[PDB]
Structures are given as structure tokens and as C-alpha cells.
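What follows is a single chain, given as C-alpha cells, in the form deposited in one PDB entry.
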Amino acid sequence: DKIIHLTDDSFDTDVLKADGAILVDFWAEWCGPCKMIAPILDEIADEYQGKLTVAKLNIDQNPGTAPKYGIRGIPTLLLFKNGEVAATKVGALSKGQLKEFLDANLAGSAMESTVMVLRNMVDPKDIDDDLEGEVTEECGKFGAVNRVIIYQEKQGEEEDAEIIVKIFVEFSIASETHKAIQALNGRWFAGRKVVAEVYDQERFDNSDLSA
């Protein structure tokens, strides 16, 4: 069949190291709602072949794994992608509900942001009057730049807590933001490895730079 039958021993390889999304069902033979969703999972596995693999771990025969994920009730579904927990769903649900859960979470977000945030690129010490224009000019290589914010943020309530800089770069359209992230993410500049990634456009539009 299309379903992967997991054990405690095979979990890391079948799930954590898999290519592609894996939907993990934590189940037991005596569990009413587990038996209810079992036919649905078989239908999911067929329909989403090529995009998702459905796997099941029986928690009676394999008691090692679920506690590591804080599983309480069953069934519980976990969607993994490339080793990350993308989403969790506790209890039974309809095939329609499951599909929307999957569709949404396989997409990863509801919208590609025009806003890029650069992390680990400068220290507060490095902020001068030129930096905004430099960022604008460098990022102008990828598309039209709407606005740049050099934002300083204190990481915790303590007096001695660390101050870091986040550099927001809002492009005119999300294709530009995408090119810039692709060119910049994981690049080394003067001794530091930059994280470039999307920043929630709704937060930014609402002056929330905290994320």
C-alpha cells in the first residue's frame, strides 16, 4: 500500500530524514476515532501521491516516539517537511477538513511577502548615516525598493539584554523580494553569515517589526 508503517527504530529515517512532506498518524487498534480516519488517510495517500506520504505509528507497539512530540490523545496527526514539524492536528476530522489542513500547511504560507528581513548582518555599533542608502542601493540590484528600516530590538526585559539589528527591505512586488532572498540568504559578508527571509507583510504594514 501507499502508507509507510513506522516503528520507533525507523522513525528518524522514514520521517525526519525523508524528502517531501510526511503526514504522521499516531494511532492504536482500540481507538474509535483512529479507525474512523483510517479510510480517509488511505484516500489522502492516493490523492496526494507525489506531494505527501502518509505514515502511521502505532503507539502500543511503538511507545518510544509519541512522548517526544508531547502526544496526549489519539489520533494526533503531525505534518513534517524536511525534518520540521509544520503543523499538528489533534483528534478526528472529516476528509474535507483534513484536505484544507494539508493544502494550507503544504503551501507553507498564505502569501509571498514583498518584505524581506535581513538578520545577523550588522551590529548596533555599525549603524551610521550611510547604512540605509547602502542597503537601498545594494538591494536596488534586485528590484524597486519601497522602504528600508534599520530596526534595533532589545532581546528581553533585563537592563543588560542584547540589542540586535534587523534590516527590513520592502520591495514593490514579491518577485523582487524573492530574487533578493535567493541571492542573499546564507551569504557571508565581512565575517558574518546573513539570514535573508520573508517578513509577514501584514505585520510590517501595521508597524509590527517584532517578529
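Residue indices: 1-based, along the sequence shown.
- The mean Cα B-factor in the deposited entry runs higher for 121 to 129 than for the other of 121 to 129 and 102 to 110.
- When the C-alpha B-factors of 153 to 161 and 25 to 33 are averaged, 153 to 161 comes out higher.
- Taking only the listed residues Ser175, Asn58, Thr65, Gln49, the entry reports the highest CA temperature factor at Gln49.
- The deposited CA B-factor of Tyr199 belongs to the lowest third of values across its chain.
- Remark: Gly140 belongs to the highest third of its chain, ranked by C-alpha B-factor as recorded.
- When the modelled residues of the chain are ordered by C-alpha B-factor, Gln97 sits in the highest third.
- Annotation for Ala180: C-alpha temperature factor in the lowest third relative to the rest of the modelled chain, per the entry.
- Among the modelled residues of its chain, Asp205 has a C-alpha B-factor that falls in the lowest third according to the deposited record.
Below: the form deposited in another entry, not depicted.
- Comparing the rigid parts between this form and the one not shown, the hinge falls at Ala107 out of the candidates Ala107, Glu134, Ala87, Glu47.
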